[PDB]
Every structure is written in C-alpha cells, then in structure tokens.
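Enquirer: Okay, so here is model01.json, and as you'll see once you scroll down, it has JSON, C-alpha atoms and all ligand atoms.
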[["chain", "number", "residue", "atom", "x", "y", "z"],
["A", 69, "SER", "CA", 103.86, 97.98, 80.65],
["A", 70, "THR", "CA", 103.33, 98.11, 84.41],
["A", 71, "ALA", "CA", 102.39, 101.73, 83.70],
["A", 72, "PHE", "CA", 99.77, 100.69, 81.19],
["A", 73, "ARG", "CA", 98.34, 97.98, 83.43],
["A", 74, "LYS", "CA", 97.84, 100.45, 86.28],
["A", 75, "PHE", "CA", 96.24, 102.85, 83.78],
["A", 76, "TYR", "CA", 93.99, 100.06, 82.55],
["A", 77, "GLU", "CA", 92.37, 99.46, 86.00],
["A", 78, "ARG", "CA", 91.85, 103.12, 86.88],
["A", 79, "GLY", "CA", 88.44, 104.80, 86.63],
["A", 80, "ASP", "CA", 90.09, 107.31, 84.30],
["A", 81, "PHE", "CA", 90.90, 104.68, 81.66],
["A", 82, "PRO", "CA", 88.75, 106.20, 78.92],
["A", 83, "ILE", "CA", 87.62, 102.88, 77.39],
["A", 84, "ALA", "CA", 84.76, 100.79, 78.73],
["A", 85, "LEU", "CA", 85.96, 97.37, 79.85],
["A", 86, "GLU", "CA", 83.23, 95.44, 78.10],
["A", 87, "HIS", "CA", 82.83, 93.12, 75.12],
["A", 88, "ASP", "CA", 79.95, 93.38, 72.66],
["A", 89, "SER", "CA", 78.60, 90.21, 71.02],
["A", 90, "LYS", "CA", 78.21, 92.07, 67.71],
["A", 91, "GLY", "CA", 81.95, 92.47, 67.13],
["A", 92, "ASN", "CA", 85.37, 93.50, 68.47],
["A", 93, "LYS", "CA", 84.91, 97.30, 68.56],
["A", 94, "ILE", "CA", 85.91, 99.16, 71.69],
["A", 95, "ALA", "CA", 83.46, 101.42, 73.44],
["A", 96, "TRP", "CA", 84.79, 104.74, 74.69],
["A", 97, "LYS", "CA", 83.51, 105.95, 78.09],
["A", 98, "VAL", "CA", 84.79, 109.38, 77.25],
["A", 99, "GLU", "CA", 84.77, 111.13, 73.88],
["A", 100, "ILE", "CA", 88.18, 110.98, 72.15],
["A", 101, "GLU", "CA", 88.06, 114.63, 71.08],
["A", 102, "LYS", "CA", 87.75, 115.59, 74.76],
["A", 103, "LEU", "CA", 90.91, 113.83, 75.93],
["A", 104, "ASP", "CA", 94.09, 115.76, 76.54],
["A", 105, "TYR", "CA", 96.42, 113.79, 74.28],
["A", 106, "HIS", "CA", 99.38, 115.09, 76.31],
["A", 107, "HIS", "CA", 98.16, 112.81, 79.09],
["A", 108, "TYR", "CA", 96.43, 109.90, 77.41],
["A", 109, "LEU", "CA", 98.32, 109.16, 74.21],
["A", 110, "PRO", "CA", 101.71, 108.40, 75.81],
["A", 111, "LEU", "CA", 99.87, 106.20, 78.34],
["A", 112, "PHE", "CA", 98.44, 104.18, 75.47],
["A", 113, "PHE", "CA", 101.85, 104.06, 73.75],
["A", 114, "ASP", "CA", 103.23, 102.58, 76.98],
["A", 115, "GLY", "CA", 101.06, 99.61, 76.04],
["A", 116, "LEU", "CA", 103.10, 98.73, 72.97],
["A", 117, "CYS", "CA", 105.14, 96.43, 75.25],
["A", 118, "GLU", "CA", 101.97, 94.56, 76.22],
["A", 119, "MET", "CA", 101.58, 91.01, 74.96],
["A", 120, "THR", "CA", 99.04, 89.77, 77.51],
["A", 121, "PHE", "CA", 95.29, 89.43, 77.00],
["A", 122, "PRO", "CA", 93.32, 91.53, 77.57],
["A", 123, "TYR", "CA", 95.77, 94.40, 78.09],
["A", 124, "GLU", "CA", 97.26, 94.29, 74.61],
["A", 125, "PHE", "CA", 93.87, 94.32, 72.91],
["A", 126, "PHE", "CA", 92.85, 97.59, 74.58],
["A", 127, "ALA", "CA", 96.32, 99.12, 74.13],
["A", 128, "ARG", "CA", 96.26, 98.40, 70.39],
["A", 129, "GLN", "CA", 92.63, 99.31, 69.74],
["A", 130, "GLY", "CA", 93.07, 102.43, 71.87],
["A", 131, "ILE", "CA", 96.14, 103.63, 70.02],
["A", 132, "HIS", "CA", 94.44, 103.02, 66.73],
["A", 133, "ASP", "CA", 91.30, 104.99, 67.58],
["A", 134, "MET", "CA", 93.24, 107.89, 69.05],
["A", 135, "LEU", "CA", 95.52, 108.12, 66.02],
["A", 136, "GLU", "CA", 92.60, 107.79, 63.66],
["A", 137, "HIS", "CA", 90.61, 110.56, 65.35],
["A", 138, "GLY", "CA", 93.36, 112.64, 66.89],
["A", 139, "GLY", "CA", 93.60, 115.28, 64.17],
["A", 140, "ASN", "CA", 95.85, 118.20, 65.21],
["A", 141, "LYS", "CA", 96.10, 116.83, 68.76],
["A", 142, "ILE", "CA", 98.78, 114.32, 67.76],
["A", 143, "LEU", "CA", 101.73, 116.39, 66.51],
["A", 144, "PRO", "CA", 101.96, 118.44, 69.74],
["A", 145, "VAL", "CA", 102.49, 115.21, 71.69],
["A", 146, "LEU", "CA", 105.05, 113.54, 69.36],
["A", 147, "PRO", "CA", 108.11, 114.06, 71.64],
["A", 148, "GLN", "CA", 106.33, 112.24, 74.50],
["A", 149, "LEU", "CA", 105.85, 109.16, 72.32],
["A", 150, "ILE", "CA", 109.51, 108.63, 71.39],
["A", 151, "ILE", "CA", 110.73, 106.94, 74.58],
["A", 152, "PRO", "CA", 107.75, 104.56, 74.76],
["A", 153, "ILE", "CA", 108.31, 103.66, 71.06],
["A", 154, "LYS", "CA", 112.05, 103.15, 71.63],
["A", 155, "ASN", "CA", 111.45, 101.08, 74.77],
["A", 156, "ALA", "CA", 109.02, 98.78, 72.96],
["A", 157, "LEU", "CA", 111.33, 98.27, 69.98],
["A", 158, "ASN", "CA", 114.46, 97.67, 72.07],
["A", 159, "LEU", "CA", 112.85, 94.63, 73.74],
["A", 160, "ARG", "CA", 113.89, 92.76, 70.57],
["A", 161, "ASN", "CA", 110.61, 90.85, 70.54],
["A", 162, "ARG", "CA", 109.41, 90.26, 66.97],
["A", 163, "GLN", "CA", 105.70, 90.31, 67.83],
["A", 164, "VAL", "CA", 106.06, 93.62, 69.66],
["A", 165, "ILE", "CA", 108.15, 94.95, 66.79],
["A", 166, "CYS", "CA", 105.47, 93.98, 64.26],
["A", 167, "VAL", "CA", 102.74, 95.79, 66.24],
["A", 168, "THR", "CA", 104.95, 98.81, 66.81],
["A", 169, "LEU", "CA", 105.86, 99.19, 63.11],
["A", 170, "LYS", "CA", 102.20, 99.04, 62.06],
["A", 171, "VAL", "CA", 101.45, 101.68, 64.71],
["A", 172, "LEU", "CA", 104.32, 103.82, 63.37],
["A", 173, "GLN", "CA", 102.91, 103.63, 59.83],
["A", 174, "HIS", "CA", 99.57, 104.84, 61.22],
["A", 175, "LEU", "CA", 101.33, 107.59, 63.17],
["A", 176, "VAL", "CA", 103.04, 109.18, 60.15],
["A", 177, "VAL", "CA", 99.83, 109.34, 58.10],
["A", 178, "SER", "CA", 97.64, 110.29, 61.09],
["A", 179, "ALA", "CA", 98.15, 114.03, 60.60],
["A", 180, "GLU", "CA", 100.04, 116.59, 58.56],
["A", 181, "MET", "CA", 103.70, 117.31, 59.39],
["A", 182, "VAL", "CA", 103.92, 114.30, 61.78],
["A", 183, "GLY", "CA", 106.08, 112.29, 59.36],
["A", 184, "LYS", "CA", 108.39, 115.29, 59.02],
["A", 185, "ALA", "CA", 108.61, 115.77, 62.77],
["A", 186, "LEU", "CA", 109.64, 112.14, 63.24],
["A", 187, "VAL", "CA", 112.92, 112.56, 61.30],
["A", 188, "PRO", "CA", 115.05, 114.00, 64.16],
["A", 189, "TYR", "CA", 114.16, 110.92, 66.24],
["A", 190, "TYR", "CA", 115.15, 108.32, 63.66],
["A", 191, "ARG", "CA", 118.39, 107.68, 65.49],
["A", 192, "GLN", "CA", 116.52, 106.92, 68.69],
["A", 193, "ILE", "CA", 114.07, 104.45, 67.21],
["A", 194, "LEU", "CA", 115.48, 102.88, 64.03],
["A", 195, "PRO", "CA", 118.69, 101.15, 65.27],
["A", 196, "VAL", "CA", 117.15, 97.86, 66.46],
["A", 197, "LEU", "CA", 115.59, 97.42, 63.01],
["A", 198, "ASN", "CA", 119.05, 96.63, 61.61],
["A", 199, "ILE", "CA", 119.00, 93.40, 63.57],
["A", 200, "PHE", "CA", 115.76, 92.28, 61.91],
["A", 201, "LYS", "CA", 116.30, 93.75, 58.44],
["A", 202, "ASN", "CA", 115.79, 91.16, 55.67],
["A", 220, "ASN", "CA", 107.39, 88.62, 57.71],
["A", 221, "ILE", "CA", 109.21, 91.21, 59.77],
["A", 222, "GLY", "CA", 111.85, 92.00, 57.12],
["A", 223, "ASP", "CA", 109.19, 93.13, 54.67],
["A", 224, "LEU", "CA", 107.33, 95.00, 57.37],
["A", 225, "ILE", "CA", 110.50, 96.92, 58.13],
["A", 226, "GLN", "CA", 111.06, 97.89, 54.50],
["A", 227, "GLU", "CA", 107.43, 98.85, 54.17],
["A", 228, "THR", "CA", 107.60, 100.94, 57.36],
["A", 229, "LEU", "CA", 110.81, 102.70, 56.36],
["A", 230, "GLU", "CA", 109.23, 103.58, 53.00],
["A", 231, "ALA", "CA", 106.22, 105.09, 54.76],
["A", 232, "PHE", "CA", 108.62, 107.20, 56.88],
["A", 233, "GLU", "CA", 110.39, 108.34, 53.74],
["A", 234, "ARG", "CA", 107.15, 109.00, 51.86],
["A", 235, "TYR", "CA", 105.66, 111.32, 54.48],
["A", 236, "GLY", "CA", 108.92, 112.58, 55.94],
["A", 237, "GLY", "CA", 109.92, 115.40, 53.58],
["A", 238, "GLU", "CA", 113.15, 116.01, 51.68],
["A", 239, "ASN", "CA", 115.43, 115.27, 54.62],
["A", 240, "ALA", "CA", 113.99, 111.82, 55.33],
["A", 241, "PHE", "CA", 115.89, 109.41, 53.06],
["A", 242, "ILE", "CA", 119.36, 110.38, 54.18],
["A", 243, "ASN", "CA", 118.47, 110.21, 57.87],
["A", 244, "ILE", "CA", 116.98, 106.77, 57.42],
["A", 245, "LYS", "CA", 120.10, 105.75, 55.52],
["A", 246, "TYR", "CA", 122.39, 107.05, 58.26],
["A", 247, "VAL", "CA", 120.74, 104.79, 60.83],
["A", 248, "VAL", "CA", 119.91, 101.90, 58.49],
["A", 249, "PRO", "CA", 122.95, 101.74, 56.15],
["A", 250, "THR", "CA", 121.40, 99.10, 53.90],
["A", 251, "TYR", "CA", 118.24, 101.07, 53.19],
["A", 252, "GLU", "CA", 117.24, 101.64, 49.61],
["A", 253, "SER", "CA", 114.00, 102.65, 48.00],
["A", 254, "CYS", "CA", 112.38, 103.60, 44.74],
["A", 255, "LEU", "CA", 109.18, 105.38, 45.71],
["B", 5, "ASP", "CA", 111.24, 121.82, 66.84],
["B", 6, "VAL", "CA", 107.45, 121.42, 67.08],
["B", 7, "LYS", "CA", 105.83, 124.87, 66.93],
["B", 8, "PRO", "CA", 102.28, 126.16, 66.08],
["B", 9, "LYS", "CA", 101.56, 128.09, 62.86],
["B", 10, "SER", "CA", 98.37, 130.14, 63.30],
["B", 11, "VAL", "CA", 97.01, 132.02, 66.32],
["B", 12, "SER", "CA", 93.47, 133.01, 67.31],
["B", 13, "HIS", "CA", 91.90, 134.64, 70.36],
["B", 14, "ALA", "CA", 89.49, 132.75, 72.61],
["B", 15, "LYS", "CA", 85.76, 133.44, 72.44],
["B", 16, "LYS", "CA", 83.95, 131.67, 75.29],
["B", 17, "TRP", "CA", 85.44, 130.40, 78.56],
["B", 18, "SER", "CA", 85.88, 126.62, 78.76],
["B", 19, "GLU", "CA", 88.01, 124.06, 80.60],
["B", 20, "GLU", "CA", 90.47, 124.14, 77.70],
["B", 21, "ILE", "CA", 90.63, 127.92, 77.97],
["B", 22, "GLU", "CA", 91.16, 127.89, 81.72],
["B", 23, "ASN", "CA", 94.24, 125.75, 81.26],
["B", 24, "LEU", "CA", 95.60, 127.78, 78.34],
["B", 25, "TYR", "CA", 95.16, 130.81, 80.61],
["B", 26, "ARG", "CA", 97.27, 129.20, 83.32],
["B", 27, "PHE", "CA", 100.08, 128.20, 80.96],
["B", 28, "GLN", "CA", 100.25, 131.62, 79.37],
["B", 29, "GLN", "CA", 100.25, 133.44, 82.72],
["B", 30, "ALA", "CA", 103.44, 131.52, 83.49],
["B", 31, "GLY", "CA", 105.01, 132.43, 80.15],
["B", 32, "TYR", "CA", 104.15, 129.38, 78.02],
["B", 33, "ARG", "CA", 101.91, 129.04, 74.95],
["B", 34, "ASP", "CA", 100.57, 125.70, 76.08],
["B", 35, "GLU", "CA", 101.68, 122.37, 77.55],
["B", 36, "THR", "CA", 103.74, 121.62, 74.43],
["B", 37, "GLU", "CA", 105.96, 124.67, 74.85],
["B", 38, "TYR", "CA", 106.14, 123.98, 78.56],
["B", 39, "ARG", "CA", 107.48, 120.46, 78.03],
["B", 40, "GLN", "CA", 109.97, 121.73, 75.42],
["B", 41, "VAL", "CA", 111.47, 124.31, 77.82],
["B", 42, "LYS", "CA", 111.39, 122.30, 81.06],
["B", 43, "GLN", "CA", 112.08, 118.62, 81.70],
["B", 44, "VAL", "CA", 108.64, 117.44, 82.72],
["B", 45, "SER", "CA", 107.37, 114.07, 83.86],
["B", 46, "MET", "CA", 103.79, 115.13, 84.44],
["B", 47, "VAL", "CA", 102.13, 118.50, 84.99],
["B", 48, "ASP", "CA", 100.76, 118.98, 88.49],
["B", 49, "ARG", "CA", 96.98, 119.21, 88.20],
["B", 50, "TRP", "CA", 94.04, 119.50, 90.56],
["B", 51, "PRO", "CA", 92.39, 116.04, 90.80],
["B", 52, "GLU", "CA", 88.76, 117.15, 90.69],
["B", 53, "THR", "CA", 88.97, 119.68, 87.87],
["B", 54, "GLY", "CA", 92.10, 118.69, 85.93],
["B", 55, "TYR", "CA", 93.26, 122.32, 86.20],
["B", 56, "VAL", "CA", 96.96, 123.15, 86.19],
["B", 57, "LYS", "CA", 98.05, 123.36, 89.83],
["B", 58, "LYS", "CA", 101.64, 124.57, 89.61],
["B", 59, "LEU", "CA", 104.10, 125.57, 86.84],
["B", 60, "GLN", "CA", 107.80, 126.40, 86.92],
["B", 61, "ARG", "CA", 108.62, 129.64, 85.12],
["B", 62, "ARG", "CA", 111.63, 130.34, 82.95],
["B", 63, "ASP", "CA", 113.50, 132.13, 85.75],
["B", 64, "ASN", "CA", 112.88, 128.97, 87.82],
["B", 65, "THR", "CA", 110.33, 130.61, 90.13],
["B", 66, "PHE", "CA", 106.95, 128.88, 90.54],
["B", 67, "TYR", "CA", 103.37, 129.95, 89.88],
["B", 68, "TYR", "CA", 100.58, 128.27, 91.83],
["B", 69, "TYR", "CA", 96.96, 128.17, 90.74],
["B", 70, "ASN", "CA", 93.60, 127.78, 92.53],
["B", 71, "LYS", "CA", 91.50, 124.61, 92.60],
["B", 72, "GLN", "CA", 88.62, 126.48, 90.97],
["B", 73, "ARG", "CA", 88.39, 128.66, 87.85],
["B", 74, "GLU", "CA", 90.61, 131.77, 87.68],
["B", 75, "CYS", "CA", 90.00, 133.08, 84.17],
["B", 76, "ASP", "CA", 87.59, 135.99, 84.62],
["B", 77, "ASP", "CA", 85.14, 136.28, 81.71],
["B", 78, "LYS", "CA", 86.84, 139.62, 81.05],
["B", 79, "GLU", "CA", 90.20, 137.87, 80.67],
["B", 80, "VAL", "CA", 88.89, 135.12, 78.31],
["B", 81, "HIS", "CA", 89.48, 137.24, 75.19],
["B", 82, "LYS", "CA", 93.18, 137.55, 76.02],
["B", 83, "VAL", "CA", 93.77, 133.78, 75.93],
["B", 84, "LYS", "CA", 95.64, 132.87, 72.74],
["B", 85, "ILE", "CA", 94.65, 129.66, 70.92],
["B", 86, "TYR", "CA", 97.45, 128.17, 68.81],
["B", 87, "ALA", "CA", 97.18, 126.12, 65.60],
["B", 88, "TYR", "CA", 98.52, 122.53, 65.72],
["C", 301, "CL", "CL", 97.29, 101.95, 65.00]]
Represent the structure contained in this file as structure tokens.
Expert:
Amino acid sequence: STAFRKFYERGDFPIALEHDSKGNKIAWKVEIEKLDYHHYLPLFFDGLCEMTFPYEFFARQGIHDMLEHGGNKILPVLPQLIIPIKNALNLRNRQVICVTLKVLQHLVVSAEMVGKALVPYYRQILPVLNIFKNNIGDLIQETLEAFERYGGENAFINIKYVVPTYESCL
Amino acid sequence: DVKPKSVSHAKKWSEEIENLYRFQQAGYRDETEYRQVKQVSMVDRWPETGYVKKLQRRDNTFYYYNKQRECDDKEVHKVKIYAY
C-alpha cells in the first residue's frame, strides 16, 4: 500500500518505469534470479492492496513475473507473504479479492511443496471468502479447488474447517 | 514448518556465499531459519553491499559483521548451501 508506493519510487525498485509501444510487458532493471526474494517478494505482495494506476499494474505484473520465474526461491519466503495476503483480502474489496485469488492460484502452482505449505495458514487467509462465497463466487470455488489440488492429503479438511460450505469433486 | 531437504558445500565465493557465511556463523542455516527462530521485521544490512550487518543469536547475544567481505577463500568450502 503506502509501503508499496514508497518501494515503487526508490532506485531499488527492480522494474524499469517505462512503457514500450510494442506491448504491455514490464522491463526488469535487475535480473529476477538475482533478487533476494526474502526482501523483494513480500514488497510486491504489499501491492495487492493497490488499485491505483500505475502502481497496481507494476505490482501485479511484478508478482506474476517473480512467481513465474522464482523456482525454489519462493517456498522459503512463504511465511512472509501471509500477512500481506490476509491484509489485502480483509479489505473486503471485490476487485482486490479477485486479483488476490488469481495470484494465490499462481502461488500454489509456482513451485513444488508450496501448496502443501499453505495449508497451516488457511485459517488466516480463507475466512473473508465466506462472505463472498456463491464472478467472484466462481473464482472462490476455483481457487479453493486449486488449493486442494496442490495441497496434499490434509488440504480438504482444513479448507472445510474454515469454509464450512466447501465441497469438491476433483 | 518450512525446512530444506538437501545440503551441498559451496565452491566459489560469491555475494550469496558471503551472506550464508554470516548467517551460519551466528547459528542459522540461512535467512529462512533466522526468521523462523526470531521475530524479524527486516534484517540489518550494509547499504552499499547488501551484506548482513547484525544478527541476534539464539542465546540473545548479537553478532556484528564488517561492511566488506569476511569469508576468507579458505572458509568458502565450509559454507553449507541448502536445498529449497
Ligand atoms: Cl500472478
């Protein structure tokens, strides 16, 4: 939020603040594989709250590229992402929720064991979804099924504990 | 409950190795174990180099580290590199 905006204007923001006429790709000043994800990834997740142009564009594109190319750099940082995820979701803004759920789907397929590691944090991040359970209702179901799919044997029941109405036939 | 699976020994000194050195001197595998054990906002680092500046140990004493490289080429081999 304010944290991300400060980040955005600093020389150490790793993305070049420029637009190419060819398309909407972001240009990295610094190679992604060279970033300490312990520092940078939570800063980008702070941007989930962002709804203002151009902050939200760089937050979203940045998260996406770092998740896509993070490899084994992502899982070690998972605990640091939970509070920014929770904070975004608990705003109870549908647009922010829809971006955050798509991000979460990317997160749990981004690397091995990440879906499994998310399970102990279900109770921190799922509760607001009950308000918007059934468009956002379908996105929620879809997201919960991703969590189950890549979350190991203990995933269904922990989803169900937090989201009592959850059902699934994978 | 996030913990590495495989372990290798470092080959050539690098920035990454320097920092692993500093964590392990203080009794931590890496920044992930450090943040598990202690409640950490950010890690104190040297602005110019990004090197770890200070760490709190498990007995609550503190280790401080120099602005420039500390890992002697001799010591490089002893730095453990953890998997995931
Ligand atoms: Cl994404």
Enquirer: Find the distance between atom CA of residue A:182 and atom CA of residue A:234 and write it in Å to one decimal.
Expert: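 Atom-to-atom, atom CA of residue A:182 to atom CA of residue A:234, that is 11.7 Å.
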Enquirer: Could you list the protein, DNA and RNA residues that have any atom within 12 Å of ligand CL 301 (chain C), counting all atoms listed in the file, and write them as a VMD selection string?
Expert: chain A and resid 109 112 to 113 115 to 116 125 to 138 166 to 178
Enquirer: Kindly indicate which residue among B:14, B:8, B:57, B:41 lies nearest to residue B:74, using all atoms listed in the file for the distances.
Expert: B:57
Enquirer: Can you work out which residues from chain A touch chain B at a cut-off of 10 Å (counting all atoms listed in the file) and hand them back as a list in words?
Expert: residues 102, 104, 106, 107, 139, 140, 141, 142, 143, 144, 145, 146, 147, 148, 179, 180, 181, 182, 185 and 188 of chain A
Enquirer: Using Å and a single decimal, report how far atom CA of residue A:123 sits from atom CA of residue A:85.
Expert: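 Between atom CA of residue A:85 and atom CA of residue A:123 the gap works out to 10.4 Å.
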Enquirer: Please identify all polymer residues within 12 Å of residue A:159, counting all atoms listed in the file, omitting same-chain residues fewer than 4 positions from it, and present them as a PyMOL selection string.
Expert: chain A and resi 69+116-119+152-155+163-165+168+193+196-197+199
Enquirer: Write the residues you've just listed into a file as a tab-separated table (two decimals), keeping the file's coordinate frame, and include C-alpha atoms for each of them.
Expert:
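Contents of out.tsv, freshly written:
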chain	number	residue	atom	x	y	z
A	69	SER	CA	103.86	97.98	80.65
A	116	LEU	CA	103.10	98.73	72.97
A	117	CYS	CA	105.14	96.43	75.25
A	118	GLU	CA	101.97	94.56	76.22
A	119	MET	CA	101.58	91.01	74.96
A	152	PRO	CA	107.75	104.56	74.76
A	153	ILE	CA	108.31	103.66	71.06
A	154	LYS	CA	112.05	103.15	71.63
A	155	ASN	CA	111.45	101.08	74.77
A	163	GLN	CA	105.70	90.31	67.83
A	164	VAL	CA	106.06	93.62	69.66
A	165	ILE	CA	108.15	94.95	66.79
A	168	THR	CA	104.95	98.81	66.81
A	193	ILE	CA	114.07	104.45	67.21
A	196	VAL	CA	117.15	97.86	66.46
A	197	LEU	CA	115.59	97.42	63.01
A	199	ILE	CA	119.00	93.40	63.57
Enquirer: Have a look at atom CA of residue B:29 and atom CA of residue A:110 and let me know their distance in Å, one decimal.
Expert: 26.0 Å
Enquirer: Using only C-alpha atoms, find the one residue out of A:78, A:160, A:87, A:184 that sits nearest to residue A:236.
Expert: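 Residue with the minimum atom-to-atom distance to residue A:236: A:184.
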Enquirer: Give the answer as one residue: which of B:67, B:72, B:81, B:13 has the shortest atom-to-atom distance to residue B:31, using all atoms listed in the file?
Expert: B:67
Enquirer: Identify, on the basis of all atoms listed in the file, every residue whose closest approach to residue A:187 does not exceed 9 Å; exclude the query and any residue fewer than 2 positions from it along the same chain; express the result as a list in words.
Expert: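 Everything that qualifies: residues 183, 184, 185, 189, 190, 191, 232, 236, 237, 239, 240, 243 and 244 of chain A.
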Enquirer: Excluding same-chain residues fewer than 4 positions from residue A:251, what lies within 10 Å of it counting all atoms listed in the file, as number ranges by chain?
Expert: A: 198, 201, 226, 229-230, 241-242, 244-247
Enquirer: If you keep C-alpha atoms, can you produce a file of those selected residues as an mmCIF file, keeping the file's coordinate frame?
Expert:
data_model
loop_
_atom_site.group_PDB
_atom_site.id
_atom_site.type_symbol
_atom_site.label_atom_id
_atom_site.label_comp_id
_atom_site.auth_asym_id
_atom_site.auth_seq_id
_atom_site.Cartn_x
_atom_site.Cartn_y
_atom_site.Cartn_z
ATOM 1 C CA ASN A 198 119.050 96.630 61.610
ATOM 2 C CA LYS A 201 116.300 93.750 58.440
ATOM 3 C CA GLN A 226 111.060 97.890 54.500
ATOM 4 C CA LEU A 229 110.810 102.700 56.360
ATOM 5 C CA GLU A 230 109.230 103.580 53.000
ATOM 6 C CA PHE A 241 115.890 109.410 53.060
ATOM 7 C CA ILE A 242 119.360 110.380 54.180
ATOM 8 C CA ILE A 244 116.980 106.770 57.420
ATOM 9 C CA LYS A 245 120.100 105.750 55.520
ATOM 10 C CA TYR A 246 122.390 107.050 58.260
ATOM 11 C CA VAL A 247 120.740 104.790 60.830
#
Enquirer: Take stretch 125-140 of chain A, bring it up to N, CA, C and O atoms, and give me the output as an mmCIF file, in the frame of the given file.
Expert:
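See out.cif below for the written result:
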data_model
loop_
_atom_site.group_PDB
_atom_site.id
_atom_site.type_symbol
_atom_site.label_atom_id
_atom_site.label_comp_id
_atom_site.auth_asym_id
_atom_site.auth_seq_id
_atom_site.Cartn_x
_atom_site.Cartn_y
_atom_site.Cartn_z
ATOM 1 N N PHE A 125 94.999 94.010 73.772
ATOM 2 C CA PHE A 125 93.870 94.320 72.910
ATOM 3 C C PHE A 125 93.452 95.793 73.077
ATOM 4 O O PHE A 125 93.305 96.536 72.105
ATOM 5 N N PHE A 126 93.296 96.227 74.319
ATOM 6 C CA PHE A 126 92.850 97.590 74.580
ATOM 7 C C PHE A 126 93.942 98.613 74.269
ATOM 8 O O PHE A 126 93.654 99.717 73.826
ATOM 9 N N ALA A 127 95.200 98.249 74.504
ATOM 10 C CA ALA A 127 96.320 99.120 74.130
ATOM 11 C C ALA A 127 96.305 99.382 72.623
ATOM 12 O O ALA A 127 96.362 100.533 72.180
ATOM 13 N N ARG A 128 96.211 98.305 71.850
ATOM 14 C CA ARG A 128 96.260 98.400 70.390
ATOM 15 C C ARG A 128 95.025 99.097 69.818
ATOM 16 O O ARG A 128 95.141 100.042 69.045
ATOM 17 N N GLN A 129 93.841 98.653 70.210
ATOM 18 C CA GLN A 129 92.630 99.310 69.740
ATOM 19 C C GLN A 129 92.578 100.776 70.169
ATOM 20 O O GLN A 129 92.123 101.635 69.405
ATOM 21 N N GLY A 130 93.080 101.070 71.364
ATOM 22 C CA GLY A 130 93.070 102.430 71.870
ATOM 23 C C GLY A 130 93.980 103.343 71.068
ATOM 24 O O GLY A 130 93.612 104.461 70.680
ATOM 25 N N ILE A 131 95.195 102.861 70.815
ATOM 26 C CA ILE A 131 96.140 103.630 70.020
ATOM 27 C C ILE A 131 95.543 103.929 68.669
ATOM 28 O O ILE A 131 95.552 105.073 68.206
ATOM 29 N N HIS A 132 95.007 102.883 68.048
ATOM 30 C CA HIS A 132 94.440 103.020 66.730
ATOM 31 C C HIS A 132 93.336 104.073 66.658
ATOM 32 O O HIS A 132 93.295 104.872 65.728
ATOM 33 N N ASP A 133 92.406 104.038 67.605
ATOM 34 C CA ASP A 133 91.300 104.990 67.580
ATOM 35 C C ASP A 133 91.787 106.415 67.833
ATOM 36 O O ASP A 133 91.326 107.368 67.210
ATOM 37 N N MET A 134 92.756 106.555 68.723
ATOM 38 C CA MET A 134 93.240 107.890 69.050
ATOM 39 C C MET A 134 94.047 108.479 67.898
ATOM 40 O O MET A 134 94.029 109.674 67.689
ATOM 41 N N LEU A 135 94.741 107.630 67.148
ATOM 42 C CA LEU A 135 95.520 108.120 66.020
ATOM 43 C C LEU A 135 94.556 108.451 64.911
ATOM 44 O O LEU A 135 94.683 109.465 64.250
ATOM 45 N N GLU A 136 93.551 107.602 64.742
ATOM 46 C CA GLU A 136 92.600 107.790 63.660
ATOM 47 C C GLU A 136 91.810 109.083 63.838
ATOM 48 O O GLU A 136 91.471 109.744 62.855
ATOM 49 N N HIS A 137 91.519 109.446 65.088
ATOM 50 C CA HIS A 137 90.610 110.560 65.350
ATOM 51 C C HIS A 137 91.303 111.706 66.055
ATOM 52 O O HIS A 137 90.670 112.689 66.434
ATOM 53 N N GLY A 138 92.612 111.595 66.203
ATOM 54 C CA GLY A 138 93.360 112.640 66.890
ATOM 55 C C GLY A 138 93.437 113.995 66.206
ATOM 56 O O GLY A 138 93.524 115.022 66.879
ATOM 57 N N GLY A 139 93.437 114.021 64.875
ATOM 58 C CA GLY A 139 93.600 115.280 64.170
ATOM 59 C C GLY A 139 94.833 116.044 64.644
ATOM 60 O O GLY A 139 95.882 115.437 64.890
ATOM 61 N N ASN A 140 94.702 117.362 64.817
ATOM 62 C CA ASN A 140 95.850 118.200 65.210
ATOM 63 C C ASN A 140 96.256 118.086 66.675
ATOM 64 O O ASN A 140 97.008 118.919 67.173
#
